[PDB]
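Participant: Dropping the structure in here first, questions after.
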Amino acid sequence: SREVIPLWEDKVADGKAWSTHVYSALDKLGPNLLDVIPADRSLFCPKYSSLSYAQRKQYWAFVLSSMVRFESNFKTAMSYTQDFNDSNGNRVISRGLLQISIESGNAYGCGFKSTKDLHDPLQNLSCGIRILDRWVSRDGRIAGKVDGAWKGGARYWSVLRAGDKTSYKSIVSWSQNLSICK
């Protein structure tokens with residue numbers, strides 16, 4: 001049985017299927033994410049190095065759900081226009097559960113064929129996994145600004161950037177107080 005259940009199982013009717021998908025997608029798209037022992041585990045998850053593969057998948061599904069909470073409050077339809085342009089000269093639009101944009105997402109190999117695909121929560125979560133798989137494994141840590149540079153998931157998501165704000169403080173607190181982490 002699972003020891004940790006993601007927050008979207010409490011909030012959305014389809015949350016259990018989101019979890020099922022995320023566990024599968026972590027296997028396939030997050031093999032590097034699941035192999036990292038992050039340098040900021042003492043902050044996010046003190047017992048991380050003791051976690052089994054299955055427990056790491058439960059951990060990451062939970063953390064993803066906390067990011068979704070603060071990026072979109074679990075609203076897959078969310079569409080927020082940013083100030084900057086993309087390669088066509090149109091303003092970037094952040095979409096879906098993790099507020100990813102199509103040009104940036106596709107650079108990670110997410111293969112969104114249409115803007116509508118980012119509003120598919122499963123595709124959106126898979127892309128989030130690809131982004132974490134890239135940066136957490138490259139940088140060897142979950143977040144933080146180290147020697148002038150944002151690292152891990154904080155390269156992409158504001159909610160993972162340390163500051164005196166509700167999103168970051170909640171994500172860190174909820175993570176470090178998971179029974180498997182503490």
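Ligands are numbered from 1 in the order shown, chains are lettered A, B, ... in the order of the structure tokens, and residues start at 1 in each chain.
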Which neighbours of residue 16 (chain A) fall inside 12 Å, counting only C-alpha atoms, when residues of the same chain fewer than 5 positions from it are skipped, and could you give them as a compact mmCIF listing (two decimals) with C-alpha atoms, in the first residue's frame?
Facilitator:
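That gives us out_22.txt:
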```
# COMPACT_ATOMS: atom_id res chain seq x y z
CA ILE A 5 -1.08 10.09 -1.40
CA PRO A 6 -0.99 13.16 -3.65
CA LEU A 7 -3.10 16.21 -2.87
CA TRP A 8 -5.07 16.01 -6.12
CA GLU A 9 -6.86 12.90 -4.84
CA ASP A 10 -8.59 15.21 -2.34
CA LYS A 11 -9.59 17.97 -4.77
CA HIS A 21 -0.65 8.15 -14.75
CA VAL A 22 2.09 9.92 -12.79
CA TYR A 23 3.43 6.67 -11.33
CA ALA A 61 3.78 12.52 -7.14
CA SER A 65 0.59 17.81 -6.57
CA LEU A 122 -1.92 13.78 -18.18
```
Participant: Taking the DSSP secondary structure from the backbone, can you list the residues of region 14-150 of chain A that are helix (DSSP H, G or I), as number ranges by chain?
Facilitator: A: 15-29, 33-35, 41-44, 48-50, 53-72, 102-107, 115-119, 121-139
Participant: For the residues in the current selection, export C-alpha atoms as a compact mmCIF listing (two decimals), in the first residue's frame.
Facilitator:
```txt
# COMPACT_ATOMS: atom_id res chain seq x y z
CA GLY A 15 -7.26 12.69 -9.16
CA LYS A 16 -6.81 8.97 -8.67
CA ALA A 17 -6.28 8.52 -12.41
CA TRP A 18 -3.80 11.42 -12.38
CA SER A 19 -1.83 9.49 -9.76
CA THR A 20 -1.95 6.27 -11.75
CA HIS A 21 -0.65 8.15 -14.75
CA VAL A 22 2.09 9.92 -12.79
CA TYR A 23 3.43 6.67 -11.33
CA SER A 24 3.63 5.19 -14.85
CA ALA A 25 5.10 8.35 -16.36
CA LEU A 26 7.72 8.56 -13.63
CA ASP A 27 8.93 5.07 -14.63
CA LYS A 28 9.16 6.04 -18.30
CA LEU A 29 10.02 9.76 -18.31
CA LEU A 33 14.73 11.98 -11.52
CA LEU A 34 14.24 8.69 -9.62
CA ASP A 35 18.01 8.06 -9.45
CA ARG A 41 17.35 16.66 0.82
CA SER A 42 18.16 18.03 4.29
CA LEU A 43 15.58 20.74 3.50
CA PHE A 44 12.98 18.92 1.40
CA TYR A 48 15.37 10.80 1.01
CA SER A 49 18.45 8.59 0.69
CA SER A 50 16.59 5.82 2.54
CA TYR A 53 12.18 3.38 -5.79
CA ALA A 54 8.45 2.99 -5.06
CA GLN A 55 8.67 5.50 -2.21
CA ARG A 56 10.49 8.00 -4.43
CA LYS A 57 7.64 7.76 -6.94
CA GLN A 58 5.16 8.46 -4.14
CA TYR A 59 7.32 11.39 -3.04
CA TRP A 60 7.50 12.96 -6.49
CA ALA A 61 3.78 12.52 -7.14
CA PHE A 62 3.12 14.35 -3.89
CA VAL A 63 5.54 17.16 -4.69
CA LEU A 64 4.04 17.52 -8.16
CA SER A 65 0.59 17.81 -6.57
CA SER A 66 1.84 20.60 -4.29
CA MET A 67 3.25 22.42 -7.33
CA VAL A 68 -0.08 22.01 -9.12
CA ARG A 69 -1.85 23.44 -6.05
CA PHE A 70 0.07 26.69 -6.36
CA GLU A 71 0.41 26.92 -10.13
CA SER A 72 -3.21 26.27 -11.06
CA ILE A 102 4.00 25.01 -25.67
CA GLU A 103 7.33 26.26 -27.08
CA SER A 104 9.24 25.73 -23.83
CA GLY A 105 7.57 22.39 -23.16
CA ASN A 106 8.31 21.06 -26.62
CA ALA A 107 12.01 21.81 -26.13
CA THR A 115 -2.10 24.21 -27.54
CA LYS A 116 -5.10 22.13 -26.43
CA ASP A 117 -2.75 19.28 -25.54
CA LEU A 118 -1.36 21.30 -22.62
CA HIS A 119 -4.88 21.30 -21.12
CA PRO A 121 -3.71 17.04 -17.43
CA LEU A 122 -1.92 13.78 -18.18
CA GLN A 123 0.18 15.34 -20.94
CA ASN A 124 0.80 18.34 -18.73
CA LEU A 125 2.01 16.19 -15.82
CA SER A 126 4.20 14.09 -18.15
CA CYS A 127 5.87 17.26 -19.36
CA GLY A 128 6.46 18.39 -15.78
CA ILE A 129 8.18 15.07 -15.17
CA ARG A 130 10.43 15.59 -18.21
CA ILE A 131 11.40 19.06 -16.95
CA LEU A 132 12.24 17.76 -13.46
CA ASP A 133 14.04 14.76 -14.93
CA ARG A 134 16.28 17.15 -16.83
CA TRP A 135 17.11 19.74 -14.17
CA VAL A 136 17.00 17.82 -10.90
CA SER A 137 19.34 15.21 -12.37
CA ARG A 138 21.64 17.75 -14.07
CA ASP A 139 21.93 19.96 -11.00
```
Participant: Please compute the CA of residue 89 (chain A)-CA of residue 160 (chain A) distance, one decimal, in Å.
Facilitator: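 One can read the CA of residue 89 (chain A) to CA of residue 160 (chain A) distance as 28.1 Å.
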Participant: Please report the interatomic distance between CA of residue 47 (chain A) and CA of residue 178 (chain A) in Å with one decimal.
Facilitator: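 These atoms are spaced 10.0 Å apart.
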Participant: Pick out each residue of chain A that DSSP on the backbone tags as strand (DSSP E); I need them as an MDAnalysis selection string.
Facilitator: chainID A and resid 79:85 91:95 145:146 149:150
Participant: Quick one: residues within 6 Å of region 75-82 of chain A, only C-alpha atoms, excluding same-chain residues fewer than 2 positions away - as number ranges by chain?
Facilitator: A: 72-73, 84, 92-97, 119, 121
Participant: Please dump the current selection as a PDB file, in the first residue's frame; keep N, CA, C and O atoms.
Facilitator:
```pdb
ATOM      1  N   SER A  72      -1.909  26.231 -10.418  1.00  0.00           N
ATOM      2  CA  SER A  72      -3.213  26.266 -11.064  1.00  0.00           C
ATOM      3  C   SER A  72      -4.384  25.942 -10.155  1.00  0.00           C
ATOM      4  O   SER A  72      -5.527  25.953 -10.609  1.00  0.00           O
ATOM      5  N   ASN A  73      -4.112  25.655  -8.885  1.00  0.00           N
ATOM      6  CA  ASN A  73      -5.138  25.125  -7.995  1.00  0.00           C
ATOM      7  C   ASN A  73      -5.910  23.977  -8.657  1.00  0.00           C
ATOM      8  O   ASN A  73      -7.141  23.857  -8.528  1.00  0.00           O
ATOM      9  N   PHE A  84       6.221  38.241 -22.041  1.00  0.00           N
ATOM     10  CA  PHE A  84       7.211  38.020 -23.095  1.00  0.00           C
ATOM     11  C   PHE A  84       6.659  37.259 -24.299  1.00  0.00           C
ATOM     12  O   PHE A  84       5.655  36.550 -24.198  1.00  0.00           O
ATOM     13  N   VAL A  92       3.681  34.688 -24.721  1.00  0.00           N
ATOM     14  CA  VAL A  92       3.674  33.326 -24.199  1.00  0.00           C
ATOM     15  C   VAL A  92       2.464  33.101 -23.310  1.00  0.00           C
ATOM     16  O   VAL A  92       2.095  33.952 -22.503  1.00  0.00           O
ATOM     17  N   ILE A  93       1.848  31.941 -23.469  1.00  0.00           N
ATOM     18  CA  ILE A  93       0.691  31.588 -22.667  1.00  0.00           C
ATOM     19  C   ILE A  93       1.028  30.340 -21.847  1.00  0.00           C
ATOM     20  O   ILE A  93       1.369  29.295 -22.404  1.00  0.00           O
ATOM     21  N   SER A  94       0.973  30.471 -20.527  1.00  0.00           N
ATOM     22  CA  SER A  94       1.182  29.343 -19.620  1.00  0.00           C
ATOM     23  C   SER A  94      -0.113  28.566 -19.468  1.00  0.00           C
ATOM     24  O   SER A  94      -1.182  29.150 -19.285  1.00  0.00           O
ATOM     25  N   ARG A  95      -0.025  27.241 -19.545  1.00  0.00           N
ATOM     26  CA  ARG A  95      -1.231  26.425 -19.646  1.00  0.00           C
ATOM     27  C   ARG A  95      -1.267  25.240 -18.704  1.00  0.00           C
ATOM     28  O   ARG A  95      -0.241  24.606 -18.447  1.00  0.00           O
ATOM     29  N   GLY A  96      -2.464  24.940 -18.207  1.00  0.00           N
ATOM     30  CA  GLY A  96      -2.708  23.676 -17.540  1.00  0.00           C
ATOM     31  C   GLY A  96      -2.161  23.597 -16.138  1.00  0.00           C
ATOM     32  O   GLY A  96      -1.803  24.608 -15.509  1.00  0.00           O
ATOM     33  N   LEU A  97      -2.105  22.365 -15.640  1.00  0.00           N
ATOM     34  CA  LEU A  97      -1.865  22.118 -14.219  1.00  0.00           C
ATOM     35  C   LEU A  97      -0.572  22.711 -13.695  1.00  0.00           C
ATOM     36  O   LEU A  97      -0.549  23.246 -12.582  1.00  0.00           O
ATOM     37  N   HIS A 119      -3.719  21.334 -22.019  1.00  0.00           N
ATOM     38  CA  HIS A 119      -4.879  21.303 -21.121  1.00  0.00           C
ATOM     39  C   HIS A 119      -5.360  19.883 -20.847  1.00  0.00           C
ATOM     40  O   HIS A 119      -6.332  19.666 -20.125  1.00  0.00           O
ATOM     41  N   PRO A 121      -4.520  17.061 -18.662  1.00  0.00           N
ATOM     42  CA  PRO A 121      -3.714  17.040 -17.427  1.00  0.00           C
ATOM     43  C   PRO A 121      -2.631  15.958 -17.435  1.00  0.00           C
ATOM     44  O   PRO A 121      -1.577  16.141 -16.814  1.00  0.00           O
TER      45      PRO A 121
END
```
Participant: Point out the residue among A:156, A:150, A:174, A:74 with the least atom-to-atom distance to residue 120 (chain A), counting only C-alpha atoms.
Facilitator: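 Closest candidate: A:74.
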Participant: Identify, on the basis of only C-alpha atoms, every residue whose closest approach to residue 163 (chain A) does not exceed 12 Å; exclude the query and any residue fewer than 3 positions from it along the same chain; express the result as number ranges by chain.
Facilitator: A: 143-145, 154, 158-160, 166-172
Participant: Considering only C-alpha atoms, can you say which of A:100, A:110, A:175, A:40 comes closest to residue 151 (chain A)?
Facilitator: A:40
Participant: Quote the spacing between CA of residue 165 (chain A) and CA of residue 153 (chain A) in Å to one decimal place.
Facilitator: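 Interatomic distance here is 16.8 Å.
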